[PDB]
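Scroll down for the structure; my scribbles are underneath it.
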Amino acid sequence: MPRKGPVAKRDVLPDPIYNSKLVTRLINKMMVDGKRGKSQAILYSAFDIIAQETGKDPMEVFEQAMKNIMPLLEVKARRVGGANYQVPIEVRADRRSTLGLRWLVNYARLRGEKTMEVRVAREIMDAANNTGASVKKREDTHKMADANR
Amino acid sequence: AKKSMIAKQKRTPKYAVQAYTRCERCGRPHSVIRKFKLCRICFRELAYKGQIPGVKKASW
Amino acid sequence: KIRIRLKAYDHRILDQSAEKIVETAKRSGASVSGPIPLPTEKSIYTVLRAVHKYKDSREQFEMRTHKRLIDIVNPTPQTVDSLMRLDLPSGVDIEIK
Amino acid sequence: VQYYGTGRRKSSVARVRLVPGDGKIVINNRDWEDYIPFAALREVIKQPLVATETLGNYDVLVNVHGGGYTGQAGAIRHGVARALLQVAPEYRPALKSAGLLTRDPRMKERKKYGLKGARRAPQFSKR
Amino acid sequence: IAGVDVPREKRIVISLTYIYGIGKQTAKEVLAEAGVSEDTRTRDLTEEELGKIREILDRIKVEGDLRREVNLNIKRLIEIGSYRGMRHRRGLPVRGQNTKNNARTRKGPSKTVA
Amino acid sequence: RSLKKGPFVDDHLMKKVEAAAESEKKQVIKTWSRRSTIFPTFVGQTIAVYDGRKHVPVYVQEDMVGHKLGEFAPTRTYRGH
RNA sequence: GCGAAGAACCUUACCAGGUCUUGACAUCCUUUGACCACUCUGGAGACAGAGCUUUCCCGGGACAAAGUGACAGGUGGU
RNA sequence: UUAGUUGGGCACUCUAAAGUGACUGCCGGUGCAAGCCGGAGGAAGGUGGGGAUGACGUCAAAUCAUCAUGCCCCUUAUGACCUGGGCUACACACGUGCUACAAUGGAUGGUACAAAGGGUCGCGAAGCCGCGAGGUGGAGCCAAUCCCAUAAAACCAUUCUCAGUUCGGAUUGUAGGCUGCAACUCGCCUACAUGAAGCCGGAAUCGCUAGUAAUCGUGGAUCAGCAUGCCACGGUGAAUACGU
Ligand SMILES: [Mg+2]
Ligand SMILES: [Mg+2]
Ligand SMILES: [Mg+2]
Ligand SMILES: [Mg+2]
Ligand SMILES: [Mg+2]
Ligand SMILES: [Mg+2]
Ligand SMILES: [Mg+2]
Ligand SMILES: [Mg+2]
Ligand SMILES: [Mg+2]
Ligand SMILES: [Mg+2]
Ligand SMILES: [Mg+2]
Ligand SMILES: [Mg+2]
Ligand SMILES: [Mg+2]
Ligand SMILES: [Mg+2]
Ligand SMILES: [Mg+2]
Ligand SMILES: [Mg+2]
Ligand SMILES: [Mg+2]
Ligand SMILES: [Mg+2]
Ligand SMILES: [Mg+2]
Ligand SMILES: [Mg+2]
Ligand SMILES: [Mg+2]
Ligand SMILES: [Mg+2]
Ligand SMILES: [Mg+2]
Ligand SMILES: [Mg+2]
Ligand SMILES: [Mg+2]
Ligand SMILES: [Mg+2]
Ligand SMILES: [Mg+2]
Ligand SMILES: [Mg+2]
Ligand SMILES: [Mg+2]
Ligand SMILES: [Mg+2]
Ligand SMILES: [Mg+2]
Ligand SMILES: [Mg+2]
Ligand SMILES: [Mg+2]
Ligand SMILES: [Mg+2]
Ligand SMILES: [Mg+2]
Ligand SMILES: [Mg+2]
Ligand SMILES: [Mg+2]
Ligand SMILES: [Mg+2]
Ligand SMILES: [Mg+2]
Ligand SMILES: [Mg+2]
Ligand SMILES: [Mg+2]
Ligand SMILES: [Mg+2]
Ligand SMILES: [Mg+2]
Ligand SMILES: [Mg+2]
Ligand SMILES: [Mg+2]
Ligand SMILES: [Mg+2]
Ligand SMILES: [Mg+2]
Ligand SMILES: [Mg+2]
Ligand SMILES: [Mg+2]
Ligand SMILES: [Mg+2]
Ligand SMILES: [Mg+2]
Ligand SMILES: [Mg+2]
Ligand SMILES: [Mg+2]
Ligand SMILES: [Mg+2]
Ligand SMILES: [Mg+2]
Ligand SMILES: [Mg+2]
Ligand SMILES: [Mg+2]
Ligand SMILES: [Mg+2]
Ligand SMILES: [Mg+2]
Ligand SMILES: [Mg+2]
Ligand SMILES: [Mg+2]
Ligand SMILES: [Mg+2]
Ligand SMILES: [Mg+2]
Ligand SMILES: [Mg+2]
Ligand SMILES: [Mg+2]
Ligand SMILES: [Mg+2]
Ligand SMILES: [Mg+2]
Ligand SMILES: [Mg+2]
Ligand SMILES: [Mg+2]
Ligand SMILES: [Mg+2]
Ligand SMILES: [Mg+2]
Ligand SMILES: [Mg+2]
Ligand SMILES: [Mg+2]
Ligand SMILES: [Mg+2]
Ligand SMILES: [Mg+2]
Ligand SMILES: [Mg+2]
Ligand SMILES: [Zn+2]
Numbered sequence: 001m002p003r004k005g006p007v008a009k010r011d012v013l014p015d016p017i018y019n020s021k022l023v024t025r026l027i028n029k030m031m032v033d034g035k036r037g038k039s040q041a042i043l044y045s046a047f048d049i050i051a052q053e054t055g056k057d058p059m060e061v062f063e064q065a066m067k068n069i070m071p072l073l074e075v076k077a078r079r080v081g082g083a084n085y086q087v088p089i090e091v092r093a094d095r096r097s098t099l100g101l102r103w104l105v106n107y108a109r110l111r112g113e114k115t116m117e118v119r120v121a122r123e124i125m126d127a128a129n130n131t132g133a134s135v136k137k138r139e140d141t142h143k144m145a146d147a148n149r
Numbered sequence: 002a003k004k005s006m007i008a009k010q011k012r013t014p015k016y017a018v019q020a021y022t023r024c025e026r027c028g029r030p031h032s033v034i035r036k037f038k039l040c041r042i043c044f045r046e047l048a049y050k051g052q053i054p055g056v057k058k059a060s061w
Numbered sequence: 005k006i007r008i009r010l011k012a013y014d015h016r017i018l019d020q021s022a023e024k025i026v027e028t029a030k031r032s033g034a035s036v037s038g039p040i041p042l043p044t045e046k047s048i049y050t051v052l053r054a055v056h057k058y059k060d061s062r063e064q065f066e067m068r069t070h071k072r073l074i075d076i077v078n079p080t081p082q083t084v085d086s087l088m089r090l091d092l093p094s095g096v097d098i099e100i101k
Numbered sequence: 004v005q006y007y008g009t010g011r012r013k014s015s016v017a018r019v020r021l022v023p024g025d026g027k028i029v030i031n032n033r034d035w036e037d038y039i040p041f042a043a044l045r046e047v048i049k050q051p052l053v054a055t056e057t058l059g060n061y062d063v064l065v066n067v068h069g070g071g072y073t074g075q076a077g078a079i080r081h082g083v084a085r086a087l088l089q090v091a092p093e094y095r096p097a098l099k100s101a102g103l104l105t106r107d108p109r110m111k112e113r114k115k116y117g118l119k120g121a122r123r124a125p126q127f128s129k130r
Numbered sequence: 004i005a006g007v008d009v010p011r012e013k014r015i016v017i018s019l020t021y022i023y024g025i026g027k028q029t030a031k032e033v034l035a036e037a038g039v040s041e042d043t044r045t046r047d048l049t050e051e052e053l054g055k056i057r058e059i060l061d062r063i064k065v066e067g068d069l070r071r072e073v074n075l076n077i078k079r080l081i082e083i084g085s086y087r088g089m090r091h092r093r094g095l096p097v098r099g100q101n102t103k104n105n106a107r108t109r110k111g112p113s114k115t116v117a
Numbered sequence: 003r004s005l006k007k008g009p010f011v012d013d014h015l016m017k018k019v020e021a022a023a024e025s026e027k028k029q030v031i032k033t034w035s036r037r038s039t040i041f042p043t044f045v046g047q048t049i050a051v052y053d054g055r056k057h058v059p060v061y062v063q064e065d066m067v068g069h070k071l072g073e074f075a076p077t078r079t080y081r082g083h
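Below, the structure is given as structure tokens:
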């Protein structure tokens, strides 16, 4: 079966305001229908809310949250003897950050406030204190891997 | 019924909106382009022969 | 103050005709402004390839018109006579204003 | 006393002109904050003047047409980068280090018959 | 209040929309010729100004008036034996819509799968 | 004519087949003009309208004015599958 | 969302009713050579009935009305 | 000058003919070599992006209805003319699509930025009238000149505040507009009223590897009128590929 080998990787650009690529990846992950400006302004407003409430720069808060919601073990399906079973596996760094951002946005869209800036800010603040929907998502993933070790 | 169809199409209609177009080589009613008065099939074959000036197979 | 528009389906014979007109006007007259290339215009005709079925198999044909514009500023009787007496090739269309 | 550059991006083309002055950016006889009311676009436009340390020594007057606003900004950036390249040869490495001299070659592809887009294909069903 | 009890939390326009026979632009025109602004809530209406609203609404056909009118309109078509009367009786699309498939607002939920 | 060109009635139907039935008007009118508007002066008479096969006789009442002559002669037959 | 890059009439090949038979469309034949167009009457229309009417050119030819075949005419089947 | 308007000039974009330019050509590693991984310069780097281009053969695959044709049938009819109807039927099942189920949103006001195309028995401006679809009017155009032609998403203010609702628009009632001899069966569009299902969809299944998918508008052929279809054009613009 074909695939001819490893492929190149995308090269994102640092954000014009917060000079980091991870902010750009978060903005891309929140994007809908190719509307960069909307998600970009939403992220800027959410970081404004963060800086207003916590009182410190939003970048270290964001990095603490991401470090707090990145996974280590994950469950993958293996087909042996005609049956499929879940098994533990360790993520690479790229997949680590990918899962972190995916869960962050997925469980920030499912909160219960009026706007999206508030939802994103509250999710980030919760993740910075080891609490929230995104935090438990990596807690069970650690649990699910152990129960099938 | 084909020669009667062609003859009726050539005749002046009872009303102006009665009139329609047919390919001038083969009396075909559908798919008639009206810069050439040709249906798609006659158009294609005459274009391959090289007898429609200016038109050539489009690569772009 | 004399305008000439030339239009054809290919640029080789039309290039020859335009250059020849410029040569004759320069010979029998005094002045001429070089041939300005007007934008070519192309039209596309998409046609079903089969006779009965097969919508998804098609064929494009195209038709391009090439244009040039020439001006003579110093008009003299010899220039007008020579320009009107030229025998351009068939397939090249000339319009003099 | 004038350094000229031509930028292009997508279907946008920009005539950028650079004259010694104070830092006044002019776009289509309109102010550069009135023409571009966002901020990241201004950052990407003034990247070429920040890569080298010559941000506030020049005025740029630009003349853009074609494409959309991000295309406007990309064409302006390319034009000012080329104008700075004209100002002094020694700017050539720095502008090359950030990829500000490359004219971006990717342009919108072609609609193909039998498909709904360049690559999008109709929905398939065995039965 | 005005024919019926319109909601009291909302604006006057949106509350007036709750009367049968009044939509959006008719509500705007009512509040325009009634000398009343439209950002004021329904709770904040006075008695004279609401009375002008009542006075204004008496010249428009609303609730049972319109229901009787439309019912008579349908009944005439039914009882003169027209085509639209037949369509009204059988519960099929009245305009020229196609019924080979997909006419469900008139035929109701998909009936017994044969 | 759904415009301000006036209403439409086909001339052979009205001219002297409707305006001519003024004395002893007790007979039917056969017509193929399904497309004619029922004028106010049509009322009282019975017109036989072609439906594709047969001439269905319709007796013009007071409420039929403004409708088309063919609304009262269905073309398709269908009885409960 | 296939022939169909356009089914209200026409398209139209299907059905009902009303009509035609060298014919709606071609070559030759025999007499006449410009026939057609237009007005009114009847009819749903095709079609019939009266008047003004048809101006070939240089024996040739393409057009044109009448009568008759030799023939035409089939989106009929494989 | 209301204005690139007028004068003036090809400087710059642009237009279109002829050339140049990219070849693992140079450097390091690896290999016996082909080649593979990185590096320089360059607008572009590994057949740069995309088209047209479909070998020998397979399926008695599709088409006697685009055309042509052997053989077999009809010939006061299986040929020919006309008006009306039907191809639009409706208990239901399947295929391909469009619109939504709302706050990354709805309504109102302001306000930027395209490309590719069509126009002479044609496109149709300004001004005036109408709530609107439209009417009237006739300018400029056989067009890099004039018209179609308002781009829409995006952005800025005010409001709504999670509600089957200021979501959603089906369905139905009345009054109209155009094209056409004619709009009932059976056209498209508008105004006011009405305000259905629908809270992101089960087992399952489809497309897509980059200016792609996703999303927003624009033009054209057919065409008196009629497209959510087809064919093209640009605006904004991702995620992921460990591996067989
Ligand atoms: Mg990648
Ligand atoms: Mg951007
Ligand atoms: Mg034939
Ligand atoms: Mg037609
Ligand atoms: Mg075609
Ligand atoms: Mg074909
Ligand atoms: Mg196929
Ligand atoms: Mg191909
Ligand atoms: Mg300028
Ligand atoms: Mg400008
Ligand atoms: Mg300026
Ligand atoms: Mg200006
Ligand atoms: Mg451009
Ligand atoms: Mg193609
Ligand atoms: Mg398709
Ligand atoms: Mg399909
Ligand atoms: Mg399936
Ligand atoms: Mg009706
Ligand atoms: Mg109706
Ligand atoms: Mg319909
Ligand atoms: Mg129907
Ligand atoms: Mg339907
Ligand atoms: Mg159907
Ligand atoms: Mg059917
Ligand atoms: Mg269906
Ligand atoms: Mg319905
Ligand atoms: Mg039954
Ligand atoms: Mg398809
Ligand atoms: Mg059909
Ligand atoms: Mg018929
Ligand atoms: Mg035969
Ligand atoms: Mg056989
Ligand atoms: Mg160019
Ligand atoms: Mg390299
Ligand atoms: Mg490209
Ligand atoms: Mg190539
Ligand atoms: Mg077979
Ligand atoms: Mg097969
Ligand atoms: Mg088969
Ligand atoms: Mg078969
Ligand atoms: Mg045959
Ligand atoms: Mg045949
Ligand atoms: Mg067939
Ligand atoms: Mg057949
Ligand atoms: Mg056919
Ligand atoms: Mg029926
Ligand atoms: Mg589609
Ligand atoms: Mg959609
Ligand atoms: Mg709404
Ligand atoms: Mg707006
Ligand atoms: Mg613009
Ligand atoms: Mg243009
Ligand atoms: Mg058009
Ligand atoms: Mg248009
Ligand atoms: Mg436009
Ligand atoms: Mg509800
Ligand atoms: Mg409706
Ligand atoms: Mg209707
Ligand atoms: Mg209709
Ligand atoms: Mg309404
Ligand atoms: Mg109701
Ligand atoms: Mg419900
Ligand atoms: Mg809800
Ligand atoms: Mg798939
Ligand atoms: Mg691929
Ligand atoms: Mg879309
Ligand atoms: Mg939309
Ligand atoms: Mg659109
Ligand atoms: Mg679209
Ligand atoms: Mg459009
Ligand atoms: Mg269109
Ligand atoms: Mg049209
Ligand atoms: Mg469409
Ligand atoms: Mg429509
Ligand atoms: Mg679409
Ligand atoms: Mg792969
Ligand atoms: Zn043909």
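Going line by line, the protein sequences match chains g, n, j, i, m and s.
The first sequence stops at residue 149 when you use the entry's author numbering, and every number in between is there.
The second sequence stops at residue 61 when you use the entry's author numbering, and every number in between is there.
The third sequence stops at residue 101 when you use the entry's author numbering, and every number in between is there.
The fourth sequence stops at residue 130 when you use the entry's author numbering, and every number in between is there.
The fifth sequence stops at residue 117 when you use the entry's author numbering, and every number in between is there.
The sixth sequence stops at residue 83 when you use the entry's author numbering, and every number in between is there.
All C-beta atoms in this analysis are idealised placements derived from N, C-alpha and C, irrespective of residue type, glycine included.
Is there a Cβ of chain s sitting closer than 9 Å to that of m/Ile17, yes or no? no
Identify the contact partners of m/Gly84 in chain s, using a Cβ-Cβ distance below 7 Å as the criterion. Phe74
Contact the segment 10-28 of chain n vs the segment 135-146 of chain g: 3+ CB pairs below 8 Å: no
Quick one: is i/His81 buried, meaning 16 or more other Cβ sit within 10 Å of its Cβ, or exposed? buried
Between the beta-carbon of g/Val75 and the beta-carbon of g/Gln64, is there less than 9 Å? no
Just checking j/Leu52 against ligand 5 - is the residue's beta carbon closer than 8 Å to any of the ligand's heavy atoms? yes
Here's a check: name, in chain order, each residue in its chain whose Cβ is nearer than 8 Å to the Cβ of i/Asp25, leaving out the five neighbours to either side. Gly59 and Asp62
Using CA coordinates, which residue listed in i/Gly10, i/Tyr116 and i/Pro40 is at the minimum distance from i/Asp107? i/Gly10
Cβ-Cβ distance between m/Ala37 and m/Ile17 below 9 Å: no
Would g/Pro58 pass as an interface residue toward chain i - the criterion being a Cβ-Cβ separation below 9 Å? no
What three-state label does DSSP hand m/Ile15 in the structure shown? helix
Please identify the residue among i/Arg130, i/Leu104 and i/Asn31 whose C-alpha is closest to the C-alpha of i/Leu64. i/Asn31
According to DSSP, which residues form a beta bridge with j/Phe65? n/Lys58 and j/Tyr49
j/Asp75 touches chain i at which residues, Cβ-Cβ below 9 Å? Near j/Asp75 there are no residues of chain i at all, since even the closest Cβ is about 28 Å away, more than 9 Å.
List the residues of chain i that g/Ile17 touches, going by C-beta distances under 9 Å, in chain order. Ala42, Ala43 and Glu46
Please classify j/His56: is it buried, with 16 or more other beta-carbons within 10 angstroms of its beta-carbon, or exposed? exposed
Min CB distance j/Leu52 to chain n below 9 Å: yes
Which of helix, strand or coil does DSSP assign to m/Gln100? coil
Of all the residues that make up the segment 101-118 of chain i, which are near chain j by a beta-carbon distance shorter than 8 Å? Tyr116 and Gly117
So s/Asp65 contacts chain m; which residues on that side make the cut at Cβ distance below 7 Å? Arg79 and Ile83
Under three-state DSSP, which class holds n/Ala20? coil
Please decide whether j/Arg62 counts as near chain i, where near means a Cβ-Cβ distance under 9 Å. yes
Answer with yes or no whether the minimum CB distance from g/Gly34 to chain i is below 9 Å. no
Taking i/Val83 as the reference, give the member of i/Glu112, i/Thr105, i/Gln126 and i/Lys13 with the closest Cα. i/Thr105
Cβ of i/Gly71 within 8 Å of any heavy atom in ligand 58? no
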